[PDB]
């Protein structure tokens, strides 16, 4: 087991500098403070000599604010000087109430430190491929090369030759400052169509269904998880993936700690302890924890067949509609009442690829979605009694005829599951019919992934459906590729094919560059462009570490990340906050918004020199010297209520911030919006929500039924609690890598016995998409024939075995993957120290 051997930590002194910090990572956006003080000064044990005002020579009790773990401590540069830092969760923050996840609690230890040698992998200088290898250089040099190649290609072949992959999210590697900068470059200065997002291969929404219905996907607040009678959690492993939302808001409901609150806010209405329905093919630690806190009688785990959610929801919708367990006044007052005809190709296909479902009235939706309890039981594999029970737990009125308050939450089991558009709508149907939108204890919401921080110019030019960028690249189209803050090598679909072609195409440009004289830059650029004309690709990577896809790129530009810059984002409650800079960027790295600005400026200069002054002019409006300048040009001027928000004002509000949109500012407080749609006016032209006529039509993505029918195992895939994303920071973190040097694949022990596999064996997962490796982890709770592999992992990428299959809007259907498994090697030595015991807490 990995052990740091740190016997003691420097004590934060009374006069430490305090910074408000939002967690870098997940959607929950837990509140922290970063305390910093001069190297070689320190706090003491007596109350007067430390930040806590406590005698630190005494053992602290459970849940104490007056303690921090080693991973919360580091030494970092601040205004040119080494300083101690502690990044500690905030007790006063209403999101986390002092909790920090295994992820958030190691922000300090995953920061860059020359002094204590943490994260030396971090990029410090621009790199360019020349003289046979990657070589460091200056910004002026690196930006000149990128600008010249990009400008030439765009002039010769049009902007369609420019391919972009970029983050669209909040938090570290995103946020409003950074999404604006990249957005303004590619949508204002340019009109780039062939652009994709970090987690999907086109410029689309994850949740077009709910949006088209008029229901924005983040409509409630976190208090609503405390107040609901029933939580319906779909395609979410919240304990591992929205940890502190679950621990600090769902659990109190399930434990009955919320009853006092429920009775104060909703008197003259009955309240028992919360019940929870979890819709997930796999039994996760989330299910185990719910059973353990609420009791098995109050947890309903619907272990559906993979990709059959829509059948389930349609059945639930039908049953609830027929029983009349619906908010009749809500339907009449706030939803579309107009009849409207089904499109000619319904129900197999929608009016077009742009619109996979048919929006309509409640009555038409009910008739169109109609499915019996028996039909859904066949498709889902559930018992009739289970589906009926769920309907009762969702719709059945409480004792006095009062409507049951249900919070519906969904994440990637649904969003990357079968028939995204229709499944999303089917779920939203239930929320709308039961009047659980815009009201306490309600909501139909993404439980989210990253934090949110999106503001950009109009994307109208991109189209709907947008271009399937990965297929363009794999097909030999495109000339120049700008990759900002994502790594397709570890995280895209159909990844094995993607890597084979990407390497081959970028190699063409590498061989050209190696054979050309760099010091004569015009000859170098002509050589790059000749390789591109022959089918090569020139790739530029903007990142914080040497990435996997970066091993194929020709220029790497080093970014500064949250903490090294000011950054703004909102959590899954629309709670917006400023993360105040507490350290310096490593080396010469700079924030993404400023990189964009500097790139714009170089495009202006280079195009001016080429003589296209008209096109040069389009790249003005980037005179930014600091990230705040990007915030003011973007969020402040473009978000709803942005005029009310500034760094100074957000700072005064602390880690609690305020909930977007801002509606005003009085006496040092930005006035916010607790819940959306409290007035029953939705996000459509006429202000009425739409239901969705969304009939089941099997596995809809091409290839999927075939892949299922011709392979042995379900290769479910997703997150692990300890690992953040594609392990970009974690790969240089001994605590994480000591636990999982290979990605695990959770396998039923009798499936393993049958296959001749032992715990720790290194296995190839393979199908017609590609192949990859993982470490067999025996998992008694796993169902026979159903495996779960950690996604995104550098030492075994499961995206290799996901097919190119998407829905009509180009949503990647990662979760529905099947494949064969065979042994590559007996369990390696470097795996002998691992525990292979159950991850489920035992009482």
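Positions refer to the first chain, counted from 1.
Chemist: State which stretch shows the higher mean Cα B factor in the entry: 809-817 or 52-60.
Modeler: Mean C-alpha B-factor is greater for 52-60.
Chemist: Output the stretch having the higher mean C-alpha B factor in the entry; the candidates are 760-768 and 368-376.
Modeler: It is 368-376.
Chemist: Looking at 543, 730, 551, 297, which one carries the largest C-alpha B-factor according to the PDB entry?
Modeler: The record points to 297.
Chemist: Select one of 494, 726, 165, 318: the residue whose C-alpha shows the highest B-factor in the crystal structure entry.
Modeler: Result of the comparison over 494, 726, 165, 318: 318.
Chemist: Check where residue 795 lands among this chain's C-alpha B-factors and tell me if it's the lowest, middle or highest third.
Modeler: Residue 795: CA B-factor falls in the lowest third of its chain.
Chemist: Lowest, middle or highest third of the chain for the C-alpha temperature factor of residue 141?
Modeler: Ranked within chain, residue 141 CA B lands in the middle tercile.
Chemist: Can you tell me which third, lowest, middle or highest, the CA B-factor of residue 686 falls into for its chain?
Modeler: For residue 686, whose C-alpha B-factor we compare with every modelled residue in the chain, the answer is the highest third.
Chemist: Once the chain's modelled residues are ordered by C-alpha B factor and cut into thirds, is residue 293 in the lowest, middle or highest one?
Modeler: According to the entry, residue 293 has a C-alpha B-factor in the chain's highest third.
Chemist: Tell me, lowest, middle or highest third: where does the Cα B factor of residue 390 rank within its chain?
Modeler: Ranked within chain, residue 390 CA B lands in the highest tercile.
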